[PDB]
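Asks: My structure is below; once you've seen it, I'll send some questions.
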Amino acid sequence: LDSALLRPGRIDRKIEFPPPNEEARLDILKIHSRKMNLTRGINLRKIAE
Amino acid sequence: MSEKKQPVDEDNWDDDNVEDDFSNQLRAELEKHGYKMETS
Amino acid sequence: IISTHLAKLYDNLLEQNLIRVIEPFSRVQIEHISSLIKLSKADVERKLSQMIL
Amino acid sequence: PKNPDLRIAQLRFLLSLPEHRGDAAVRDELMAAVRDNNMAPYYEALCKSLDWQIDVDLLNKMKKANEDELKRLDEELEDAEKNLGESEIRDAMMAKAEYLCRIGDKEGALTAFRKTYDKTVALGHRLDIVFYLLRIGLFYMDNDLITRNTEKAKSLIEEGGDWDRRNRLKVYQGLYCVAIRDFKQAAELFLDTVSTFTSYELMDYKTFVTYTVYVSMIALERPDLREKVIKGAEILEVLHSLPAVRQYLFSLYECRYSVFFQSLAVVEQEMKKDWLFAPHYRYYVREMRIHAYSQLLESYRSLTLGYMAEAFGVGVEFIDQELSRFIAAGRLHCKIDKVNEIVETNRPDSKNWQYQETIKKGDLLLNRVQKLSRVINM
């Protein structure tokens, strides 16, 4: 992007968003798994792995 | 209002029907049948 | 796999002719339905009892 | 916290109602009571208990520890509001107000729960708060307060699917429908037994299996029994660990009539000792009797009365007095002969018995609207 946009007085904060690790792939499966009709015994950890 | 001059002074109904048909009858059947295996 | 399913097929096909020959009448003796299925009377009696149960 | 909180009330049942059996219940109930900061719910349980004369310092160390959690809330409310997050006062006691729900009574629960209900703009906290109000609504048997937050609960699951908030909820409506004598709705809320989980209130899933089979054996007929509970691999293998309940269920299914009464005294006696089935153990087996009678008796017409003693259950005069009160009770559709020693049956077409409930409901609602009509306009 622009160096004039990379003027240090211009931008106040830049925040990086990494791809999720094994910990943060699990909870999106957790929140996303809410509206599904499941079966008891899934072991979501393996699915995240 | 509501003075009513005095001349003298679920959870509850289904098991009360069992208290109607089943008041003082059997009550503790655990041994009468074991006492009827040899008689009957 | 055939040897597994022939008994369960044999139960359904037992009952399939069983409802067939019980049709045409109102009352009959069990000795005639045993005669016309060509089978016994005790197992047919208990099996008919399973239907009305 | 409210997750082991049902065992507390079940052990209050275990303390109070068995009169001879009140020693180990007041031992382990105290073992849980005068620790984990419990203050309020056992003063009258102490009245039903013995004296326990020096409980004063035991109450003082725990109202002191309660005062510690209260005053650190009182150290949190002013730091939370200085640089505010998502109303961090109600975000602290939106979690510690369940601690105040267990430790305090329902008031410091309720004003903080209806307080914090307006904080979170999504139901991911709200519906769990409402689950907590449901669980205390069982605890104080708040039969009117459960009717509110059941509907207010169910009003939130439609956005999303939320099956850990709907199937979990069905366990609450099922335990309410078996708390009351609504068995056909209890098993129907207990229909799945698949998404039902290794719970907190039934930490054994097999206890949930026993409950749904004990309500299902009344709740459904043979077709449903010869398809549903007999072909489920998820229902067979869990009572494969049960010797008694597997035999108690199959003896009715395999027409094993005489041995059915043996385990019937076992399951009924356990039902007498059990919490939450103690209101209706007397009504349960008298349904089981007339069901087992009608199942066998609607097979034959010319079946005699002295056949059922040796093949069904011993005592000819016991069968006499037991069927006399049922035909005389107006059910068990047959007509018994006596001095030629044979039991006759009949068959009623659904023209009279289906009409009887109509005149019952008509007289009920006529009583209702006539009573209201006398109430309003003076």
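FYI, nothing fancy with the structure tokens labels: chains A, B, ... in order, residues from 1 per chain, ligands from 1 as they appear.
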Compile the residues of chain D that lie within 10 Å of chain A, evaluated using only C-alpha atoms, and express the compilation as a PyMOL selection string.
Replies: chain D and resi 124+157-167+193-198
Asks: Would you tabulate, counting only C-alpha atoms, all residues of chain D that have an atom at most 12 Å from an atom of chain B, showing the closest pair of atoms and their distance in Å to one decimal, sorted by chain then ascending number, as a tab-separated table?
Replies:
```
residue	atom	partner	partner_atom	distance
D:141	CA	B:11	CA	11.4
D:143	CA	B:10	CA	10.3
D:177	CA	B:10	CA	11.7
D:178	CA	B:11	CA	11.6
D:179	CA	B:11	CA	9.0
D:180	CA	B:11	CA	7.0
D:181	CA	B:11	CA	8.3
D:182	CA	B:10	CA	10.5
D:258	CA	B:33	CA	10.6
D:259	CA	B:33	CA	11.3
D:261	CA	B:33	CA	9.1
D:262	CA	B:30	CA	8.6
D:263	CA	B:30	CA	10.4
D:264	CA	B:30	CA	9.8
D:265	CA	B:30	CA	6.2
D:266	CA	B:30	CA	8.4
D:267	CA	B:30	CA	11.4
D:268	CA	B:29	CA	9.9
D:269	CA	B:30	CA	8.5
D:270	CA	B:30	CA	11.9
D:272	CA	B:28	CA	10.5
D:276	CA	B:11	CA	11.4
D:277	CA	B:15	CA	11.6
D:278	CA	B:15	CA	10.3
D:279	CA	B:15	CA	7.3
D:280	CA	B:15	CA	6.4
D:281	CA	B:15	CA	8.7
D:282	CA	B:18	CA	6.5
D:283	CA	B:15	CA	6.0
D:284	CA	B:15	CA	9.6
D:285	CA	B:18	CA	10.5
D:286	CA	B:18	CA	8.2
D:287	CA	B:18	CA	10.4
D:306	CA	B:40	CA	10.8
D:307	CA	B:40	CA	11.9
D:308	CA	B:40	CA	11.3
D:309	CA	B:40	CA	7.5
D:310	CA	B:40	CA	7.6
D:311	CA	B:40	CA	11.2
D:312	CA	B:40	CA	11.9
D:313	CA	B:33	CA	8.3
D:314	CA	B:40	CA	5.9
D:315	CA	B:40	CA	6.3
D:316	CA	B:40	CA	8.3
D:317	CA	B:40	CA	10.7
D:318	CA	B:33	CA	10.1
D:321	CA	B:25	CA	10.1
D:322	CA	B:25	CA	10.0
D:324	CA	B:21	CA	11.3
D:325	CA	B:21	CA	7.6
D:326	CA	B:21	CA	9.3
D:328	CA	B:21	CA	10.3
D:329	CA	B:21	CA	8.2
D:330	CA	B:21	CA	11.8
D:378	CA	B:1	CA	12.0
```
Asks: Sorted by chain and rising residue number, which residues of chain D lie within 9 Å of chain C, and what are their closest atom pairs and distances in Å to one decimal, counting only C-alpha atoms, as a tab-separated table?
Replies:
```
residue	atom	partner	partner_atom	distance
D:222	CA	C:53	CA	8.1
D:295	CA	C:53	CA	7.0
D:296	CA	C:53	CA	7.9
D:298	CA	C:53	CA	7.8
D:299	CA	C:52	CA	6.2
D:300	CA	C:49	CA	8.8
```
Asks: Per DSSP on the backbone, what are the helix (DSSP H, G or I) residues of segment 18-184 of chain D, as an MDAnalysis selection string?
Replies: chainID D and resid 24:33 43:48 56:73 77:80 88:103 106:116 123:139 145:157 163:179 183:184
Asks: Using Å and a single decimal, report how far atom CA of residue 8 of chain D sits from atom CA of residue 149 of chain D.
Replies: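 About the pair atom CA of residue 149 of chain D and atom CA of residue 8 of chain D: they are 22.9 Å apart.
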Asks: Provide the atom CA of residue 29 of chain D to atom CA of residue 11 of chain D distance in Å, to one decimal place.
Replies: 6.7 Å
Asks: Within 12 Å of residue 38 of chain C, counting only C-alpha atoms, which residues qualify if same-chain residues fewer than 3 places away don't, as a count of residues only?
Replies: 12
Asks: Near residue 145 of chain D, within 10 Å and counting only C-alpha atoms, which residues show up once chain neighbours fewer than 5 positions away are dropped, as an MDAnalysis selection string?
Replies: chainID D and resid 133:134 136:138 140 150
Asks: Just give me the gap between atom CA of residue 173 of chain D and atom CA of residue 14 of chain D in Å, one decimal is fine.
Replies: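 Separation between atom CA of residue 173 of chain D and atom CA of residue 14 of chain D: 23.9 Å.
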Asks: With only C-alpha atoms as the counted atoms, please give the residues lying no more than 10 Å from residue 23 of chain A, apart from itself and same-chain residues fewer than 4 positions off, as a ChimeraX atom specification.
Replies: /A:27-28,45,48-49
Asks: Can those selected residues be exported to a file as a PDB file, in the first residue's frame so that it contains C-alpha atoms?
Replies:
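Wrote again_15.pdb, looks like this:
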```
ATOM      1  CA  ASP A  27     -13.598 -22.672  19.579  1.00  0.00           C
ATOM      2  CA  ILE A  28     -14.836 -21.655  16.125  1.00  0.00           C
ATOM      3  CA  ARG A  45     -10.263 -31.740  19.346  1.00  0.00           C
ATOM      4  CA  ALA A  48      -9.553 -29.397  14.882  1.00  0.00           C
ATOM      5  CA  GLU A  49      -6.286 -31.341  14.643  1.00  0.00           C
TER       6      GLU A  49
END
```
